[PDB]
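**Student:** Structure provided below as structure tokens; questions to follow.
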There are 4 protein chains.
Amino acid sequence: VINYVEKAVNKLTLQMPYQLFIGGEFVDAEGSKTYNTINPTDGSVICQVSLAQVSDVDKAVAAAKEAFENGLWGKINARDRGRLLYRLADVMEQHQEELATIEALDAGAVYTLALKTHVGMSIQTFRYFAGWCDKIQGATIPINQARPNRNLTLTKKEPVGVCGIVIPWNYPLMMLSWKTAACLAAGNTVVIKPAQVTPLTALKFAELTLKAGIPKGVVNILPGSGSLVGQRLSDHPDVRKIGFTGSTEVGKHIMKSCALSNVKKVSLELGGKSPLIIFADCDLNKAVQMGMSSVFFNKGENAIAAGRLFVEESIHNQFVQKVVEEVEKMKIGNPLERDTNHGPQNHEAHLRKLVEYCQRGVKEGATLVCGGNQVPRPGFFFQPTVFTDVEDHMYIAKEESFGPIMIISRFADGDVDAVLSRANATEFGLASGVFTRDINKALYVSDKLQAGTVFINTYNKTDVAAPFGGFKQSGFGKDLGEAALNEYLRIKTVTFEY
Amino acid sequence: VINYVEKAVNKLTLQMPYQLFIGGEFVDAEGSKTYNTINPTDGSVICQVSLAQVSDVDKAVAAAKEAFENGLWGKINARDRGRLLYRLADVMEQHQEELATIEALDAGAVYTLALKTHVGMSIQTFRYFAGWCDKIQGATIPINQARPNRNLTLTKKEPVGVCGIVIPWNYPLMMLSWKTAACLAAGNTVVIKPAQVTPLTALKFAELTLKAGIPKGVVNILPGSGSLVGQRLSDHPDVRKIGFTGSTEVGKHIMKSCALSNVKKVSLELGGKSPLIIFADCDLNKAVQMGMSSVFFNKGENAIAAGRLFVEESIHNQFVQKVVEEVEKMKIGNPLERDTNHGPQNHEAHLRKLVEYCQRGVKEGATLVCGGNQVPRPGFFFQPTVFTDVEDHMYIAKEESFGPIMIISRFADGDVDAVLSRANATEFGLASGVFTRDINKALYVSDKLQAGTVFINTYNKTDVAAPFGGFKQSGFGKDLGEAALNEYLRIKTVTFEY
Amino acid sequence: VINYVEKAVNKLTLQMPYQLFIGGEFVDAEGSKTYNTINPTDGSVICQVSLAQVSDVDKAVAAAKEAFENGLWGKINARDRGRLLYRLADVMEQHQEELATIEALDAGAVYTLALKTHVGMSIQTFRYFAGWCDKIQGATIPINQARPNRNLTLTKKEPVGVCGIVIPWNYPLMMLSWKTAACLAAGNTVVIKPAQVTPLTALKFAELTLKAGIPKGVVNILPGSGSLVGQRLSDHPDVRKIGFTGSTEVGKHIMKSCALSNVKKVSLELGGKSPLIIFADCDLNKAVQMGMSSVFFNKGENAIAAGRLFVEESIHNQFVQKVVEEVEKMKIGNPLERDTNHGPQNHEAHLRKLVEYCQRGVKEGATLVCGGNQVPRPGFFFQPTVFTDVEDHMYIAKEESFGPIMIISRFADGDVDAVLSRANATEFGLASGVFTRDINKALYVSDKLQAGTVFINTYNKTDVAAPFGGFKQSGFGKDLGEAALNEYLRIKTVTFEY
Amino acid sequence: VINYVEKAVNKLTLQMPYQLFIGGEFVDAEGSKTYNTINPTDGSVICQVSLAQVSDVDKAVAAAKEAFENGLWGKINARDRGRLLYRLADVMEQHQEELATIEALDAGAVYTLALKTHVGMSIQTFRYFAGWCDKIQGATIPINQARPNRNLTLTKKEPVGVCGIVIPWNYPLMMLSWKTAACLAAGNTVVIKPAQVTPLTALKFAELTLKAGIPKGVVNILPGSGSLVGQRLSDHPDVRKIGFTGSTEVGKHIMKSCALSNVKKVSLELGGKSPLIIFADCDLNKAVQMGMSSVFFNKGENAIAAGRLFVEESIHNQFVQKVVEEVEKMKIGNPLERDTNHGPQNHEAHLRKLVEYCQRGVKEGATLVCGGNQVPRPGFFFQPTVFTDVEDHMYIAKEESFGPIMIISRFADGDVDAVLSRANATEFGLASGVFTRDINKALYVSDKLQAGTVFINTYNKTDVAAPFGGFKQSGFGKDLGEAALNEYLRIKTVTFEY
Ligand SMILES: NC(=O)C1=CN([C@@H]2O[C@H](COP(=O)(O)OP(=O)(O)OC[C@H]3O[C@@H](n4cnc5c(N)ncnc54)[C@H](OP(=O)(O)O)[C@@H]3O)[C@@H](O)[C@H]2O)C=CC1
């Protein structure tokens, strides 16, 4: 039997585990240390959660190692590994309302969105990658023959072994799922560190692995801080790969730590300052709707959020006019209320940063059209924000807000290369977008944009089959798609002479 | 006119450039600094070579960046890029005797071997990767449709941009060729740092890129030190990828340097301590020939050299007898003598390391069966060496010699898993081999060996089409094969709604 | 409400549809015509089954065409098509005992074997291909650019459209599943003709498509004759692809009919006379076990069954002795009885053919070591048979028995190429096998065998992920694996200029 | 020493072989039979050409078989096969002017076009496929393991063996090259039947295979009739694959002949009635240029020629006015003259057919806007022709002309689905095209068009890397791209247990 924090809310009875998940059981951290997880709708403590220590990390890694080297996960058929991951997805589907509610409490995710995206996409992720298990294939290669003898060369795709996954707080379950699904589908075992501020759906997910029959030690979950738990994972001599999603500066440190220990492999999904270029020949009403969504989706807590909108001179003023109209219709409120469409920010420290971000925007001369402030109510709500007259030298033109802040610049009618240059003048390169009805402009702009994803007449259209990752200082490696598997596999070349 | 060091040798008049190669021109380093490159056959100075400074690195990177962004290389068809790389191979083949002679002089490479391997495989590498240019393909992906609308998702494979390549001294031209061919085939431009002790074939190669019509600035070559030139490449804000081959310790530092600058991509080909397991049911005389080659090839200066031979008890002593008989037949001498089997070690400091390595093996209790010291003669020759009674705890059982030192341990008759455990008990993982006539042992042992390459009934059988790279602390990423391309390409996902 | 033939057998109540399945409903054939399906255990009539006429084929094709062009199947996401096929697999697994019992009745498949293979592999087939749906991907291709303009070239994989599947009687459900799973995963719709003598699992499968929610018209099943129903499918102007498994002579006629109508695509899985070469250095007892299995599995009604065994001279007599010892232990009986090893042949005409086959073998001078005759008991049982002293000119050396008849020839000790020549001297090339502990022989022999599958130290080891198809007159195209999809897809190239 | 027909023309000396090419030597046909090849510029006889008989086919097939089974071609490394084909491409380039001049003489190809396309693309084809040789790769597949044992499954890509290639006359050398390059790159040997009316570049190409060092027997060339030589290739028991390009009716017969002999593999590139849909939002001047090119390229003797132009109501008359203006500017004349941009039709029978075809268009009520007649000069020149008021039921709306005949229909403004239906109402499906600046219409139309190639804002843009083939009665299988290799390879599955 497992200890839960029980909570009657959203017409359900939530049963939330709150302990470390190690070697297939929920256990207290070393010394029974704990910390509070905060509900962002009202600032209250949801419950106490175990706080992993170094010795807990070592225990998690040991369990992962044993499960890989000697446990059932390392022995079963790829096909049957796949069956287990499908079953895991089914179990997650059976708990989708409960998971979405926990995500609503823990991260302020609007329930209807959490159900469709945070949770729904997590389910798709496990089903998608389950299908890959018995379709991961190596090669036979026609090398030169050592005459009078013959040669056969083949490759085998093998798991990398024990992995660490370190994720952020914006979509707690979904970021976990993206990376964990690829990791497990490739035959690895894993120690996962959720963002300290959002441990709850991870811990519930841990319980669901038990229900699905995932062998003990294959999935291990350690709520705790990056500087302690995350750091130890990156240092550990038995971890052979880190999968990381978070800020560029922590990414740099993680990669450094991978190097200095045992050259463990690393993938990095880092920040974004993603440009959206809106031409006069677009469908303007659709540009407003998709433009809205590109910034405000998931309260702007979205690595690929459009961080600059460049709007062609002749439609700029009309675009801003319509954006303001639509911004005014947004209902701000409790994520559990069905009419809510803008929930609170994830946690307090992030709310503070958003306040400062907008102060600086105003200080440096941008026009604040609306918002920019904490909403006066309990919790950590932030008013949807629109800036105009944003110039390329400005802080808010360079730096990622990760909040609901639309940052608008003009470009002259008929300029294409000039706006492209401005769009590309960033060390980020995670995503980008273009709205235009012109085929030639769409294709040309998408060649020239220096970003891992280019959206054309849409935005935020991610898919579990479509690889997702950055260029330049947005990192390297893919989540999602066939390409994701490559971060979690190694290639062995086997060459015979006969 | 290019300045040459001219040398009448080996029936040829070598014309050897000696300066930095930047933006299509041979130029002195800052302050006209130079250093000596040393002939390992007699310890004489071959000539002075420009010694790149930081400002020279910055110039080379600036030339590479301009060549990629605005030069011809970034505009031509993939197919036409292929034609240029094929033509480069042709030029290399037209100069193959000269390149092999230069390699004999600079690296102590035995001339017959240098023709066939150092130079011959370099030519194969360019031809092979030339064929890939117009066959690098992205995907179209059946994502979920945003009904009532439609979606098209495709991927585009793009170059990474400016690359730095840092290589070692054991096969100067060939290591350059492996990485550079893949790098250029993928459409990138490059700054190459050859090992300071072996700049000459790299500089001759630079001139050949001119004869081949490779556009100015696509290839830049900077002889100089790792800690100065190599460091600046890893730190440089406009370099987007480092391809590295060398020691594990420098590899760690390189990766750290990529992290701390701009999270540039990195691939690491690091040390080996590769195990060769020889069973009693093998063809013994063949095992002796291949066993010897697995150690002594290219005077042991070979990252995949078998660093331990595990020989089944019942054949051990006969195996050692035959090896000693064969070792006595090896002709040691000048790399230009056509009957030379064994040339000098690459440079003086390495010879001294090899003397110390062998003193240490004796001191810790291994049996010196033959060799173990510098051959008394001018230059830097080391005796082919055989150690027996080697035990798992010993320094020479753990550490990579990178010299012609056969390190033999028995294993028990009819044991398989126990020898595998010993073979795997290393943080290296670059290569390995197994000699056996038994199909079941061969397949099982190749599954279980923790190494990027497993040779079966052969050794050193690399091939331009067969991917080559390590596991664990031997690094990550592949040179050669289709797989090598992936270190030099990025994936852009382009998603339409219509 | 569906009409069933109800039968209480095997501790179950079977509910067997017996009508045509067209447009999602069970309906009588034109003029309510029927025929008898015969239980091979006792010769009794199981029930009457609808006998499809030309007008019924036309109705089924029309239903398939509507379902493809206007129905849901053609509109849903590839991912959701996948979900439906995974649901179909679950439904099949929920009914596995029932399906295996029906197959035991209809085909004489030993129940324990039918659970694991006839039905078990069918279930695996749908799960496997279900995973392919959203992972079938086109390409983006780096074509030459019409400078000063640009080009993008991509490929789209599209369904072929309406398909006909015509299958034999040896594994009724499994052969249907192999082809139908791939066909449907590629987004096609289908009309299936089971072998007239074995319609029952096909019809039950049809009902399971309803339970799984496969849209109406996607699957249509027509019990009936090849020369009427199969022929009309091949001739139909709206059918775009025929998938055929059966005899070489019918296969010729099918290909010819695809030609003369509308050059519909065709794939052909035809006969076999597969050689199994057993060397003296094999594991003898293992060779006996697998040798027997290679012939007797599924009462020899197995297209890849070893049709000749070549046994090295020095182990031949001992091999024959051991086979005879093991043959005597086989338990012949009712397929529903748990101790049964060897069930009845599929139908009477086939039994008659096997009797004649063995009469001819004795007549032409081969040594009948055992069997050769109908077992004295009700139904259509045939004694496991062993022939020795078979010479290459004999009829039984050339002709496919498709029954439990082991046909043994000797080869001289050491005579590798000579035995290969003998093994390849056939216009068939479906499968082949070699038993040897010698890696060099195994690799060499497998290069030289002219067959689509080579087994090494095993036999009948098929897998839903491993492609299966013949060379020469055994046909072309694959069932199973990624390769099977290509038969059911078309490639559209799309080339933009911008 | 080879016998040539020598001719001083176009500033060079042609040296044209005129005999059969068998087993690496030029030889007379049985009974020294010959026939005349006719120059379409003046109706004169170029020379006499050997006329292959049945026994010549058998000799060619036997040479091909021997070259495959025992000659060097079946023994050399894949890489070295690649070198030979790249050398063949070089030799072709060295003879580019001569080949293009022969093509002008024999087929009426305008010399400047022949140099760039007929010959230029042929050279690209061999270079492209040469690069594939050592990059053709099989798989290793994670099949279910027969516990407590292990399984390894790999696939080997092998040559099919002796192939027959039968080609049409519209681009003699280029059709030969497309198919032959893919065939040889895959390791096969081949017997080629050029169109009887166009043997000369094929025979010169045969001579170039000697200069390139292609082993004797690998390439064999048989000028002669389809009904005799082609038929025997389809029937031959030793031919294992036919590659065919030509009319639908002959394709049907070829496929039938493949079936009835030995189920040899077959690919079919058949007729087209390719629709080009021009929207009012296109760049009209560019649409006129590309539209004209879509019809008139290579005097309309082009399988992918737009056989039907649908032009949006509002631009229709202006489009027709502009086409007529541009047609008046075309220079009709000797293909060797540099100002010629419209050469003669390929042969006399085809000119007649075009004359009759246009009579029929006029008779059935289509408006003949210009052309329709033979040009009053020597040879077989036909006027660039434009029809308007073409109705869907008309013969000329349904039948492929294969000549320079633009066939125009209107469609209503804003119709999209209606025009698509009309464009898709054909049993052909080889190519298609759409001109529009609207991204949404372009993507949607290319989804809906039922053809193997869709051009968007261009036409005739084929590329050696882009697969080319038809849907429906336009056939199946690809020429060009990676996909083309699949017609010329077989997959062998090899499964070990250990
Ligand atoms: N899809 C594609 O890639 C292409 C298709 N084509 C198509 O070809 C047609 C125009 O050429 P056309 O001359 O009419 O084509 P045909 O089908 O009449 O001839 C093509 C080739 O087939 C040969 N042939 C004829 N009968 C037989 C037979 N019984 N067995 C074997 N071979 C035979 C011909 O020989 P012979 O010399 O005696 O006539 C010729 O070499 C058009 O429909 C066009 O669309 C053309 C080019 C490319």
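In the structure tokens, each chain is lettered A, B, ... as it comes, each chain's residues begin at 1, and ligands are numbered from 1 in order of appearance.
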Could you list the residues in chain C lying within 6 Å of chain B, using only C-alpha atoms, and format the result as a PyMOL selection string?

**Tutor:** chain C and resi 77+134+137-142+144+437-439

**Student:** What would the file look like if the residues just selected were written as a compact mmCIF listing (two decimals), in the first residue's frame with C-alpha atoms?

**Tutor:**
# COMPACT_ATOMS: atom_id res chain seq x y z
CA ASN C 77 -5.38 10.69 -38.96
CA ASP C 134 1.98 7.24 -38.22
CA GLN C 137 7.27 8.71 -44.06
CA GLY C 138 8.18 10.30 -47.38
CA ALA C 139 11.32 12.27 -48.19
CA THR C 140 12.68 15.73 -49.02
CA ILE C 141 15.24 15.55 -51.77
CA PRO C 142 18.11 17.88 -52.63
CA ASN C 144 19.39 20.72 -58.66
CA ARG C 437 28.63 -24.70 -35.84
CA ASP C 438 31.18 -23.28 -38.29
CA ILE C 439 30.79 -19.51 -38.72

**Student:** Taking only C-alpha atoms and all ligand atoms into account, report as a ChimeraX atom specification which residues have an atom no farther than 9 Å from an atom of ligand 1.

**Tutor:** /D:166-171,175,193-198,223-235,244-251,253-254,257,268-273,301-305,350,400-402,430,468-470,474-475,478-479

**Student:** List the neighbours of residue 416 of chain B out to 10 Å using only C-alpha atoms; skip same-chain residues closer than 6 positions along the sequence, and give me the result as a VMD selection string.

**Tutor:** chain B and resid 277 279 312 441 444 to 445

**Student:** How large is the C-alpha RMSD when chain A is optimally fitted onto chain C, using all Cα positions paired one-to-one in sequence order?

**Tutor:** 0.2 Å

**Student:** Leaving out residue 214 of chain A and any residue of its chain fewer than 6 positions from it, which residues lie within 9 Å of it when counting only C-alpha atoms, given as a list in words?

**Tutor:** residues 24, 73, 81, 84, 85, 88 and 208 of chain A

**Student:** At a cut-off of 9 Å, using only C-alpha atoms, what residues contact residue 252 of chain A? Leave out same-chain residues fewer than 6 positions from it and give the result as a ChimeraX atom specification.

**Tutor:** /A:268 /B:256,258-263

**Student:** Write out, as a tab-separated table (two decimals), in the first residue's frame, the residues just selected, with N, CA, C and O atoms.

**Tutor:**
chain	number	residue	atom	x	y	z
A	268	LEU	N	20.22	18.79	-25.26
A	268	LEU	CA	19.84	20.06	-24.67
A	268	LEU	C	18.69	20.73	-25.44
A	268	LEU	O	18.80	21.00	-26.64
B	256	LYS	N	33.73	20.57	-22.36
B	256	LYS	CA	33.50	21.61	-21.37
B	256	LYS	C	33.56	22.99	-22.04
B	256	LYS	O	32.69	23.84	-21.82
B	258	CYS	N	33.06	23.75	-25.24
B	258	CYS	CA	31.87	23.92	-26.09
B	258	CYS	C	30.66	24.34	-25.27
B	258	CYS	O	29.90	25.24	-25.68
B	259	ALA	N	30.47	23.69	-24.12
B	259	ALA	CA	29.40	24.04	-23.19
B	259	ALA	C	29.45	25.51	-22.76
B	259	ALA	O	28.45	26.23	-22.90
B	260	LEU	N	30.61	25.96	-22.28
B	260	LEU	CA	30.74	27.28	-21.66
B	260	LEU	C	30.69	28.44	-22.64
B	260	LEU	O	30.36	29.57	-22.24
B	261	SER	N	31.00	28.19	-23.91
B	261	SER	CA	30.93	29.25	-24.91
B	261	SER	C	29.48	29.43	-25.40
B	261	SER	O	28.74	30.23	-24.86
B	262	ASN	N	29.08	28.66	-26.41
B	262	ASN	CA	27.77	28.83	-27.05
B	262	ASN	C	27.01	27.51	-27.27
B	262	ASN	O	26.27	27.39	-28.25
B	263	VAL	N	27.17	26.54	-26.36
B	263	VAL	CA	26.68	25.16	-26.54
B	263	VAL	C	26.81	24.60	-27.97
B	263	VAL	O	25.90	23.95	-28.49

**Student:** In Å, with one decimal, what is the gap from atom CA of residue 390 of chain D to atom CA of residue 432 of chain D?

**Tutor:** 17.9 Å

**Student:** Output as an NGL selection string all residues of segment 312-431 of chain B that backbone DSSP marks as alpha helix (DSSP H).

**Tutor:** :B and (313-328 or 348-363 or 417-424)

**Student:** Which one is closest to residue 455 of chain D: C:334, C:151, C:13, C:122? Count only C-alpha atoms.

**Tutor:** C:151

**Student:** Which residue, A:59, A:490, A:322, A:422, has the smallest gap to residue 191 of chain A when you use only C-alpha atoms?

**Tutor:**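 Using only C-alpha atoms, residue 191 of chain A sits closest to A:59.
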
**Student:** With only C-alpha atoms as the counted atoms, please give the residues lying no more than 9 Å from residue 291 of chain D, apart from itself and same-chain residues fewer than 4 positions off, as a ChimeraX atom specification.

**Tutor:** /D:276,278,286-287,295-296,306,309,323,406,458-459

**Student:** Skipping near chain neighbours, those fewer than 6 positions away, what residues fall within 8 Å of residue 23 of chain A using only C-alpha atoms, listed as a compact mmCIF listing (two decimals) with C-alpha atoms, in the first residue's frame?

**Tutor:**
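Listing of out-v2.txt after writing:
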# COMPACT_ATOMS: atom_id res chain seq x y z
CA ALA A 60 17.93 5.60 -7.75
CA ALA A 63 18.17 0.61 -8.98
CA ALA A 64 18.23 1.83 -12.62
CA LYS A 216 10.88 -2.21 -10.77
CA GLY A 217 13.85 0.13 -11.14
CA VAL A 218 13.11 0.97 -14.80
CA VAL A 219 11.51 4.31 -13.81
CA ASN A 220 12.78 6.20 -10.76
